[PDB]
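Visitor: Okay, here's the structure, questions in a sec.
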Ligand SMILES: Cn1cnc(-c2nc(C(=O)O)c(O)c(=O)[nH]2)c1
Ligand SMILES: [Mn+2]
Ligand SMILES: [Mn+2]
C-alpha cells in the first residue's frame, strides 16, 4: 500500500502528506489509508485551484497550520469576509468566499451535512467529490466549469481503479466508514 502511494502521487504531494501526518502524530507507514486519503485531498485541491483564471484561488491546504491561519486572517481583514472557525481549503477572489473540498467514499449528501454543521457558516462554500463521479455544492453552485470538474472526477476514478487493481479499494472504502 505504501509503495502504491509513493509511485501514484508526485513527490511534492507525497512529502506534504507525510508532514501533515506526523503533525497529527500519525505514522505514514502504519496508517497508509489515511496516507492515501491526504495525498488525494491534496491533489484534488491543486487541480481545483488550477481551474480558475491565474490569480483566482488562494491555496490554504498544504501550507503549515500557523501560516495558513495567517493567510485567512489577511483575507478576512481585507475583503470584510467573516472569519471561519475551522481551516478551509481555498478562497475564491471571484466569488468572494472560502471553499472546503472533501473527497469521500460514502454519499455526497452524507459527507456534506457532516461538514456544514461542523463549520456553521452562512458564508463558507462547500464542495464534495466522490470516487463515483458525483458532486454536491452549497446552493448547487459548483464554482468551476464542467470541463475542470470532470477532470478531477475522471482522475479520482483512475486512483479508485488503480487501488482495486491491487485489492486495496475495499480496505480503503471500509476505513472511512470505520472512522465516522
Ligand atoms: C474525521 N476526518 C478525517 N479526515 C478528515 C479531514 N481533515 C481535513 C483537515 O484539514 O485536517 C480535511 O481537509 C479533510 O478533507 N478531511 C476529517
Ligand atoms: Mn482541509
Ligand atoms: Mn477538505
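Each residue's number is its place along the chain shown, starting with 1.
Yeah, the Cβs are placed from backbone N, Cα and C, and that goes for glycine too.
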Visitor: Quick one: sort out which of 89-104, 105-120, 121-136 is the motif 'Nuclear localization signal 1 (NLS1)' according to Swiss-Prot.
Guide: 105-120
Visitor: For a quick check of packing: other C-beta atoms within 10 Å of the C-beta of residue 89 (Mn(2+) 1 binding site), how many?
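Guide: Residue 89 (Mn(2+) 1 binding site): 23 neighbouring Cβ atoms within 10 Å.
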Visitor: Using the Cβ center of 41, 61, 89, 100, 101 as the Mn(2+) 1 site position, which other residues in that chain lie within 8 Å, going by their Cβ?
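Guide: Filtered neighbour residues, in order: 44, 45, 48, 60, 88, 90, 99, 102.
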Visitor: How many other Cβ atoms sit within 10 Å of the Cβ of residue 41 (Mn(2+) 1 binding site)?
Guide: 20
Visitor: I'd like to know which of the binding-site residues listed (61, 89, 101) lie near ligand 3, counting only a CB under 6 Å away.
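Guide: List returned for ligand 3: 89, 101.
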Visitor: Under 6 Å from ligand 2 by C-beta, which of these recorded positions make it: 61, 101, 115? Sequence order, please.
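Guide: Listed by sequence, the hits are 61.
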